[PDB]
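Notes for the structure review
Here are the chains, one letter per residue:
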Amino acid sequence: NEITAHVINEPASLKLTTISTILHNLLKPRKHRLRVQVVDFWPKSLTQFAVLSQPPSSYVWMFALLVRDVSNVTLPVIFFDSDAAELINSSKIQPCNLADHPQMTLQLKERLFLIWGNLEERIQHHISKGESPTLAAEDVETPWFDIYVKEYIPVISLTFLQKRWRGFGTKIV
Amino acid sequence: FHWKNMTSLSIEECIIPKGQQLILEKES
């Protein structure tokens, strides 16, 4: 599990735990560190990686990476707004209507290639073939990198299904 | 596990409440 030179993390004192530990004494906000591989993502079109926040045309980054740890368990990690900008780490790649920006979409693809390798290609391959996108993960080797996540419960009883995780302090280089 | 975020995702879910944000910010 040798991490890519292509992903740098912010200076932090958090130590390495596992996704198994995260899921298995109260439910307050937590801050974890993981050594991880991307196994899936949402949404399936990179064209939809930025959404409209404020009309008429103000967009923000919003997507999720399904990540997998040494302990063979997955976690959906949300990259939103400034944290997603941190990851993308590119002046020329900005939130907008991506369908209207083919060149920038290609640039996004190329940048995200550095964190998930041929995952996107394979996911799209399966969609066109009429097969499940989850097949893609086992087709390819995706790179390893350290990731920071902030655990929290947004306002949408109160169970674990109600927790969300958000990536941060992680940049593609 | 079949996670919700792998089918649907909204801006609601991405917003960290101000109180929880403060806890994370201080511990940093």
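1. Some words on the pattern of salt bridges
Charged atoms that come close allow side chains of opposite charge to pair. Residues and elements named next belong to chain A. The full count for this structure, using the stated rule, is twelve salt bridges over all chains. Between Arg33 and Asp146 there is a salt bridge; the shortest N-O distance is 3.5 Å. In this pair, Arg33 is assigned in strand 2 (residues 30-42) and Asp146 in strand 6 (residues 144-152), connecting sequence segments 113 residues apart. Each of the two residues, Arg33 as well as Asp146, counts as buried. One salt bridge in this structure joins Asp139 and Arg122, with 3.0 Å as the shortest N-O distance. Of this pair, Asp139 sits in helix 5 (residues 136-139) while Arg122 sits in helix 4 (residues 119-129), and the two are 17 residues apart along the sequence. Overlapping salt bridges bring together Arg30, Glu151 and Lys163 as one network.

2. Things to note about the layout of surface pockets
Residue and element names in this part refer to chain A. In this structure, the largest pocket spans a volume of roughly 490 Å³. When contributions to the lining of the largest pocket are tallied by element, the ones reaching two or more residues are strand 2, strand 4 (58-68) and helix 5. Classifying every residue of the lining of the largest pocket by side-chain character gives eleven nonpolar, six polar and four charged.

Parameters and conventions
- Residues numbered from 1 in each chain as written, not as in the entry; some residues may be left out.
- Chains lettered and ligands numbered in written order.
- Heavy atoms only, no water.
- Salt bridge = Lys/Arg side-chain N within 4 Å of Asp/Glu carboxyl O.
- Helix = DSSP H or I, 4+ residues; strand = E, 2+ residues; numbered from the N terminus.
- Buried < 20%, exposed > 50% of the residue type's maximum accessible area, 1.4 Å probe, protein only.
- 1 Å grid on protein atoms, 1.4 Å probe; cavity = no way out; pocket = protein on both sides within 12 Å on 5 of 7 lines; lining within 4 Å.
- Points joined across faces, edges and corners; volume = space filled by probe spheres on them.
- Nonpolar A, V, L, I, M, F, W, Y, C, P; charged D, E, K, R; others polar.

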